Amino acid sequence: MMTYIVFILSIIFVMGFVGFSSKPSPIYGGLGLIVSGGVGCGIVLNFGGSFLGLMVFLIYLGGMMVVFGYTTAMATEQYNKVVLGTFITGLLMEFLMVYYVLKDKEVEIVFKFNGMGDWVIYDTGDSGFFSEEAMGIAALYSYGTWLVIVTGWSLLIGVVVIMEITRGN
Amino acid sequence: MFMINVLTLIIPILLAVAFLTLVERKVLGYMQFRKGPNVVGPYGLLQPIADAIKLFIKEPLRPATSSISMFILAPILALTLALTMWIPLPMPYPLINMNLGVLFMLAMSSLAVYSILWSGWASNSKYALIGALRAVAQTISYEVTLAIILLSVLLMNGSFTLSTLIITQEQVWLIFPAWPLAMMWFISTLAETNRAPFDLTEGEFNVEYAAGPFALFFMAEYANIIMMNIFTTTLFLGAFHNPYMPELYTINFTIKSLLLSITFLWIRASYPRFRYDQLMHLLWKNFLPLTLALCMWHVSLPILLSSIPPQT
Amino acid sequence: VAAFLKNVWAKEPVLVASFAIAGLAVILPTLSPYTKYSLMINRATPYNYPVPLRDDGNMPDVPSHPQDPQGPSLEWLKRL
Amino acid sequence: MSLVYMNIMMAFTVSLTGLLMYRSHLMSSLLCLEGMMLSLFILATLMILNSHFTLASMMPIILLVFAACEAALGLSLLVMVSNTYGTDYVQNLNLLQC
Amino acid sequence: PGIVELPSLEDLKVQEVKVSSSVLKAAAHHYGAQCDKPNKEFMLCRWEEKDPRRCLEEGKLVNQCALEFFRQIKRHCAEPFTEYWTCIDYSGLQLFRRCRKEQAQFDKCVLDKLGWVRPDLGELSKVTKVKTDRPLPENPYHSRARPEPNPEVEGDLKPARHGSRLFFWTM
Amino acid sequence: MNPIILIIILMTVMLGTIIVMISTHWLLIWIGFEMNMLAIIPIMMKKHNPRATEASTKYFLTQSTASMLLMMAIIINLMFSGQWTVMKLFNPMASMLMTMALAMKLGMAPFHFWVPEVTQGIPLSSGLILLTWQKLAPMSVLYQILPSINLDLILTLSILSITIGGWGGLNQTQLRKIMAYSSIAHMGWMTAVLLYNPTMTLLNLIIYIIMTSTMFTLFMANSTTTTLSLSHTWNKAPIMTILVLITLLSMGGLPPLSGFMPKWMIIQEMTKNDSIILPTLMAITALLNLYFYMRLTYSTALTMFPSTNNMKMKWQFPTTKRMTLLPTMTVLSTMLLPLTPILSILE
Amino acid sequence: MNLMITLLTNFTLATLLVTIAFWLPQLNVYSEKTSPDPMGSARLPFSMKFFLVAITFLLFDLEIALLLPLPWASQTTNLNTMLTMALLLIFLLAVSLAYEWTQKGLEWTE
Amino acid sequence: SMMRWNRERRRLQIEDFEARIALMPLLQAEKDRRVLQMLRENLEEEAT
Ligand SMILES: CCCCCCCCCCCCCCCCCC(=O)OC[C@H](COP(=O)([O-])OC[C@H](O)COP(=O)([O-])OC[C@H](COC(=O)CCCCCCCCCCCCCCCCC)OC(=O)CCCCCCCCCCCCCCCCC)OC(=O)CCCCCCCCCCCCCCCCC
Ligand SMILES: CCCCCCCCCCCCCCCCCC(=O)OC[C@H](COP(=O)([O-])OCC[N+](C)(C)C)OC(=O)CCCCCCCCCCCCCCCCC
Ligand SMILES: CCCCCCCCCCCCCCCCCC(=O)OC[C@H](COP(=O)(O)OCCN)OC(=O)CCCCCCCCCCCCCCCCC
Ligand SMILES: CCCCCCCCCCCCCCCCCC(=O)OC[C@H](COP(=O)(O)OCCN)OC(=O)CCCCCCCCCCCCCCCCC
Ligand SMILES: CCCCCCCCCCCCCCCCCC(=O)OC[C@H](COP(=O)(O)OCCN)OC(=O)CCCCCCCCCCCCCCCCC
Ligand SMILES: CCCCCCCCCCCCCCCCCC(=O)OC[C@H](COP(=O)(O)OCCN)OC(=O)CCCCCCCCCCCCCCCCC
Ligand SMILES: CCCCCCCCCCC1=C(C)C(=O)C(OC)=C(OC)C1=O
């Protein structure tokens, strides 16, 4: 049970997407995507990506879904069958996938997937006095020069484009 | 045994928040040439207990909520994020010693605006929603300088580890190389917690909550106030740590954090409120340009002095 | 260049301090003599293992023991 | 392959079909689009952390930033729609049939 | 494919260095100075063979040379060493900087009774050279023969015969 | 719009397309498409009316969906190949998803459903950019992934694009939708010869860009967006009727004009590969495109529709519009077939 | 594991306090209240300026996300390139702020 | 003050890293015998 925990989080992750892909309301959709971002962050944390998971909190949830809920709260003036039907449809599809891959230890929807817990695929060594993920992100400034140029230029152009298309003139 | 440690974290947080209300009313009393509460308890010490018993037996205000679920979740999220901002705080040892405690705190404080936003939309008042949008925009505005000032200071630390930030400040307080970052940090954390002179929620969002849940929002806000003062203390006024006697560090950072919380109480009894555009002007046109300039200075400065801190 | 600078320091001192601190941050690492020592300390921090070489017969400058005289020295780092 | 990749891909396809079957709102569409981006973040992250390919650890951050900027653009588009009709309904966007 | 060949359990039996990490870190610099040679033989064997099964006996020499390092501490300087690794052992990050007088007593006692000198800052990270008698691996990756490349272009470049030959274009 | 900001935004569009063309990493391909979309959005909203905002919303939704499918194809490529080279794809699922994503970016059928909408909603210059410059980067990626493109998929997309872009323009009186359905048909023509000889793909792309730029430049010179407004040209500018005549007779693939050049060469590279049914059906379906080109030439050049009285005022003002490269493009889009073996410069 | 226990404990304490706040004064049998705002019933007017400060937050927070690996990036061996790209990112954040200034984007929430 | 103390901290970091480097041959030999032990145990249990 605890050796399958990432898998269990991933199941919640799929459930969370059916929490908003059925689209109940964009505010309940925002709440479902927040819970989905939290559990997917936990999945990232359990392979050792602490910095990437805290980017999911700080930038995806605390940065961007804040703006989604903010913009949504400035619309949809405050006060379904298809929503609940599609929700239970996606839920039953996902639990049939769970039941198949747990009774067969093998499944094939589009790709073949193993049924054991995903702890098996890990590495058995140490990385010394660094996180390899942290040093690969620190490499953005020495090795990642062209990437920083094009990303900063796209963000500057993004500021310019947002100011152009919202002015109305 | 770890559960006992979690309880000895979270219950004294609630007690210190309970008596911070008394310290606020007393310190604002004596700064206003009057007294604070001194009748209900001996030297007023039973005033928060009386007030908590008063609020929990007051009639529920019974609003017509837009969403019941978010009306329940906004105090839950506010209290949960108010309590989880304490677990990486090194005093001198944190509850959860993690490699990225600074970034964890910045993330869990970035998540705090959803409580304001959900409480504003879950009320049926459009006025409460406008106030919630103003408070959310204010908080997410000052989180920008929180992140950049915090990054610029941690360029002298070497890591996002909060426990390394005590080792960083064993020869000098970090306010001496970084007092402009310190003063903009201090005003920005004053603007995070909707605290005066940045309290436009009291100047003419959770007004539809009953006395119980409004008291829970209030105590989550004061837990954030005590926590950000402790985080500012660890971040700029790092105390001496003897590893064989940790209580020296604990007494020292407690005295400094109490002085800094009294400094919040001393700011709120000294200044009038900003207008909303005036603190937007304060962020985007005063704090953020100096914050970016000092971020360039604290990037280029350990390289030009050969003072790059260690990674580990 | 003189009246303009006093005018912008009288009206907008936050922006003058901003551009002054940013200008020092740009130009001063190119003029500092201690910028080289940052490079020399960061390349002297041994994150990995110093994987030794097979002594083929002609390596006069590679030591056989860490306490041998030949090899890279960090007396500049101790002394400074 | 690994079992968590099944769930992250199936989450991407769930948010795909949510983004490919609108109900009424453009905001719910953008929510499904950013769910797709989130699932791509998780999946690229689990690959790069799996294989210990160090230099690609900066890759999903980039995949965040651009696409989050993309989201900002879409939100502004939605606002211009909501500055014409009063709602963000996708059935009001049919002036280009003729 | 083939069967992987693992060594037997008799090949893995060795007198294990059963000391704690603070005992290792307290005795680390003198271990890196005094147990240099079979350690570097082993690590050169380990980065050249790229296979731990080919590096076992050298590792035994490591596990032989480490123990003679500690017995020679235990025969002469067990008390200042114990006082030093206890103070190293107290710390959570195991700081050397908290434990300088115990290090001074241990280094004084080792320099007197055993003549060992602690390595200066920058020495144990030097890239050294190892004189071995084992042969260099001619194929440490077990790589097969690479495919032969495509033939190059060569010779002088004559013009196109009768132009482009596109249906009727004479040039 | 500020002209400096317009120059920076057009350079950012060109920069994103160049970053797609010159990069060897898949993340930089995705970054080039993101930069290209993010910069082309204000070019569509230049005149600020609800049709431009609706068109930009539809364009954003389709290109965002295509970019997400592109990044999913890239991520599955990293699964099954462990690396990031912009080359062949090491999974047919990633190959299918990337071919779908690029088909959505090009507007190939049945993902064509945004091209006649958005081109109608935006000005003629932004539609010129959308139908000429925005075809460059996905065709570059399709040029570089063709050892893994499934044959039946690309040929299905090609014939479906040719047939749907042929039957689209027969019902159209709006010129921008005519150019949009012409775009869908010609992109089907480009991707049909893709796996056989991509040099003819490049030749078809260059000749199509020349002819489309000629037609949009004539539309901007005459300020006409409908067939019935284009019919007023003979009473105002009689030379422009001759120019739209020869350019629309070129775009239908009529010899001796240059627009006969690509499709003939496409047939010339498909009968070598023993495909005889498919270029025959494609050539017969191109007669639909030529039919509505002939409809436009009948309305504009070969007859004289009645004009109004106010046209007599416009006789007294010459064209002050910068008709950039219009003689050069008009000559190149008509009289280039005797230089047909020049195509070897694209090899 | 200790962190998951801590998060579960904090969520459980918060939910317990919220349940006591929403259900202890419900047991009061006070009275039924008959017939339980500056705007009466008008719709919420959309403010363009609130959306502008939110998107400006989002874009500058993305630039912050680029700036966040700098305490690790100062440890590199390619320090001239690192210093150039760090000053270039903070400079592009400042150029974003200056363009937000001079095209009247920071107005009435300055 | 931060110049002097971060330089001292870099020297202390290099000292700790060379303590690690002096320990890495023994830890590598024990790690090799550890994984070969576990693989031989898995091999014999697979055979039975
Ligand atoms: C001492 C130092 C100095 C030495 C100087 C030596 C030369 C002295 C004389 C100086 C002048 C030399 C002129 C060039 C050499 C002769 C080229 C030639 O006649 O090729 C025959 C060429 C093939 O005949 P051939 O018996 O196999 O070769 C005889 C020579 O060995 C041909 O030699 P080749 O085997 O080397 O030819 C190579 C190849 C041979 O050709 C081939 O391999 C066959 C494919 C050719 C292209 C066919 C395309 C078919 C589809 C498109 C149709 C286009 C529209 C048709 C006309 C519409 C109205 C303009 O040619 C080409 O690929 C070039 C393309 C065609 C252009 C021909 C040259 C035109 C120059 C004047 C331009 C003015 C406009 C002309 C008409 C424009 C349309 C062509 O004839 C044709 O293809 C028939 C088309 C018309 C040819 C143009 C006649 C040139 C003189 C025109 C004067 C009247 C202009 C009236 C006003 C403007 C028009 C309204
Ligand atoms: C951590 C412990 C505490 C830290 C200190 C904080 C305690 C004191 C708190 C006092 C009460 C504050 C109540 C709220 C006040 C909010 C208003 C306010 O102050 O606004 C800020 C004001 C805002 O400006 P303003 O509104 O006063 O001025 C008018 C501005 N215009 C013209 C734009 C309208 O000032 C700032 O923004 C300054 C921020 C800090 C500046 C730091 C500069 C350091 C020096 C740099 C170098 C300078 C020399 C040049 C280069 C030399 C190179 C060698
Ligand atoms: C970490 C430390 C945290 C500390 C937090 C708390 C700080 C303050 C602590 C309390 C200080 C003293 C409080 C005294 C309150 C007044 C008591 C009193 O005098 O009550 C009198 C009242 C009537 O009595 P009666 O018999 O009528 O008197 C007539 C005499 N002829 O009789 C009564 O009212 C009945 C008796 C009531 C007793 C209540 C006592 C206060 C309880 C407060 C809760 C906290 C307890 C301490 C926790 C920390 C220490 C373990
Ligand atoms: C609407 C719903 C209800 C709303 C109220 C409640 C939810 C909101 C408030 C709670 C937010 C919870 C945040 C959980 C993750 C925080 C990030 C984190 O764990 O960082 C700490 C640490 C990284 O530091 P590091 O030192 O690298 O790790 C140890 C190894 N050296 O990482 C670790 O130590 C990793 C430890 C193992 C992995 C832990 C995974 C936790 C469970 C998944 C996430 C839980 C929250 C899901 C919902 C979030 C909704 C916002
Ligand atoms: C090259 C170094 C690096 C430069 C880039 C990095 C900068 C870091 C700081 C970030 C700044 C971001 C914001 C910049 C906005 C600039 C435009 C601006 O503010 O113009 C308006 C202002 C007058 O204000 P106003 O519009 O009236 O405001 C209403 C309230 N009264 O107008 C002014 O106040 C005039 C401002 C321009 C002149 C400033 C001169 C400062 C000189 C300092 C000494 C030399 C420093 C070396 C660098 C010089 C660079 C020019
Ligand atoms: C393997 C292939 C690799 C790649 C090869 C090269 C591909 C070239 C692709 C060309 C794409 C052209 C896109 C459009 C031009 C870009 C600049 C632009 O936007 O020009 C339009 C501009 C807008 O002006 P505006 O003020 O908006 O006018 C509205 C009316 N008041 O101004 C106007 O409206 C002025 C009117 C005339 C404009 C004519 C522009 C013609 C441009 C195309 C030339 C032909 C292409 C180059 C040669 C062939 C190469 C293949
Ligand atoms: C059970 C643990 C305590 C629950 C919370 C109740 C006590 C703390 C908040 C009460 C409060 C106090 C003391 C208070 O003084 C006050 O006025 C400034 C409030 O209203 C804004 C309060 O809400």
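Read the numbers this way: they start at 1 and go in the same order the structure lists the ligands and their atoms. So you know, we letter chains A, B, ... as the sequences are listed, proteins then strands, and number each from 1.
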Q. Could you give all pairs that pass the side chain to side chain donor-acceptor pair (under 3.5 Å) test and reach residues 6-18 of chain A, with sequence neighbours left out?
A.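 Listed by first then second residue: A:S10-D:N7.
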
Taking non-hydrogen atoms only, is [X] closer than 4.0 angstrom to ligand 4 via side chain, backbone, both or neither?
X: A:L31; value: side chain
X: G:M1; value: neither
X: A:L54; value: side chain
X: G:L3; value: side chain

Q.
Can you list every protein residue that has a heavy atom under 4.0 Å from any atom of ligand 3, sorted by chain and residue number?
A.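 Within 4.0 Å of ligand 3, protein side: B:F19, B:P42, B:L46.
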
Answer yes or no: is there a side-chain heavy-atom contact under 4.5 Å between [X] and [Y]?
X: B:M105; Y: B:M227; value: yes
X: B:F253; Y: B:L237; value: no
X: B:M184; Y: B:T145; value: no
X: B:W118; Y: A:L31; value: yes
X: G:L8; Y: G:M4; value: no
X: B:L260; Y: B:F186; value: yes

Using only atom types and a distance under 3.5 Å, with no angle test, would you say the side chain of [X] pairs donor to acceptor with the backbone of [Y]?
X: B:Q138; Y: B:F198; answer: yes
X: B:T21; Y: B:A18; answer: yes
X: B:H298; Y: B:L294; answer: yes
X: B:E192; Y: B:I187; answer: no
X: B:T161; Y: B:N99; answer: yes
X: B:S109; Y: B:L106; answer: yes
X: G:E110; Y: B:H281; answer: no

Specify side chain, backbone, both or neither for [X], according to which of its non-hydrogen atoms lie closer than 4.0 Å to ligand 2.
X: B:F274; answer: side chain
X: B:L237; answer: neither
X: B:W185; answer: neither
X: B:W179; answer: side chain

Give the atom numbers and elements of ligand 2 that come within less than 4.0 Å of a heavy atom of [X].
X: B:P180; answer: 42 (C), 44 (C)
X: C:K11; answer: 32 (C)
X: B:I187; answer: 12 (C), 14 (C)
X: B:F287; answer: 37 (O), 39 (C)

(Q) With ring-ring contact (aromatic ring centres under 6.0 Å, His included) as the criterion, how do A:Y60 and A:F57 come out once you've worked through the C-alpha distance, each side chain's angles and the decisive distance to 0.1 Å? (A) CA-CA 6 Å; A:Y60 186 82; A:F57 278 125; over 10 Å; no

Q | Pairing residues for A:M15 by the side-chain contact (heavy atoms from CB on, under 4.5 Å) criterion, not counting sequence neighbours | A |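 Here the qualifying residues are A:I11, A:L91, A:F95.
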
Q: For B:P37, enumerate each residue passing the side-chain contact (heavy atoms from CB on, under 4.5 Å) test, keeping only those at least two apart in sequence or located in another chain.
A: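 By the side-chain contact (heavy atoms from CB on, under 4.5 Å) rule, B:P37 matches B:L22, B:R25, B:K26, B:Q47.
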
Regarding [atom]: of the candidates [options], which has the closest heavy atom?
atom: atom 30 (C) of ligand 2; options: B:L283, B:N286, C:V14; result: B:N286
atom: atom 31 (N) of ligand 2; options: B:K285, G:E110, B:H281, B:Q278; result: B:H281
atom: atom 22 (C) of ligand 2; options: B:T263, C:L24, B:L282; result: B:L282

Considering only protein heavy atoms, which is closest to [atom], and at what distance to one decimal place?
atom: atom 51 (C) of ligand 2; result: C:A20 CB, 4.2 Å
atom: atom 41 (C) of ligand 2; result: B:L290 CD1, 3.6 Å
atom: atom 46 (C) of ligand 2; result: C:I21 CD1, 3.8 Å
atom: atom 32 (C) of ligand 2; result: C:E12 OE2, 3.4 Å
atom: atom 48 (C) of ligand 2; result: C:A17 CB, 4.3 Å
atom: atom 6 (C) of ligand 2; result: B:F186 CD2, 3.7 Å
atom: atom 10 (C) of ligand 2; result: B:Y271 OH, 4.1 Å
atom: atom 49 (C) of ligand 2; result: C:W9 CH2, 4.8 Å

Residue [X] vicinity, atoms of ligand 4 by number, heavy atom under 4.0 Å:
X: B:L77; answer: 4 (C), 5 (C), 8 (C)
X: A:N46; answer: 37 (C), 38 (C)
X: B:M98; answer: 21 (C), 24 (O), 26 (O)

Q: For side-chain hydrogen bond (donor to acceptor under 3.5 Å, both in side chains), just list the numbers for B:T193 and B:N224, CA-CA rounded to whole Å, side-chain angles, deciding distance to a tenth of an Å, and then say yes or no.
A: CA-CA 7 Å; B:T193 61; B:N224 288 320; over 6 Å; no

Heavy-atom protein contact below 4.0 Å for [atom]:
atom: atom 37 (O) of ligand 2; result: yes
atom: atom 44 (C) of ligand 2; result: yes
atom: atom 53 (C) of ligand 2; result: yes
atom: atom 19 (O) of ligand 2; result: no
atom: atom 8 (C) of ligand 2; result: no
atom: atom 27 (O) of ligand 2; result: no

(Q) So, 4.0 Å and heavy atoms of B:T84: is ligand 4 close enough to count as a contact? (A)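 False for this residue.
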
Q) Pick from A:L52, A:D118, A:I43: which one makes a side-chain contact (heavy atoms from CB on, under 4.5 Å) with D:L46? A)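 With D:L46 as partner, A:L52, A:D118, A:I43 yield a single side-chain contact (heavy atoms from CB on, under 4.5 Å), made by A:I43.
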
Q. If you measure every N/O of A:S50 against every N/O of ligand 4, is any gap under 3.5 Å?
A.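 Yes: some nitrogen or oxygen of A:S50 is under 3.5 Å from one in ligand 4.
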
Q) Checking side chain to side chain contact (heavy atoms under 4.5 Å, CB included) for the pair B:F217/B:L79: CA distance, chi angles, key distance, verdict? A) CA-CA 7 Å; B:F217 279 111; B:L79 287 172; over 6 Å; no

Q: Applying ring-ring contact (aromatic ring centres under 6.0 Å, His included), run through G:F22 and B:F71 and close with a yes or a no.
A: CA-CA 11 Å; G:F22 278 111; B:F71 190 80; 5.7 Å; yes

Q. Between B:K285 and G:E107, is there a side-chain N and carboxylate O pair less than 4.0 Å apart?
A.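 Looking at B:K285 and G:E107, the cut-off is met.
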
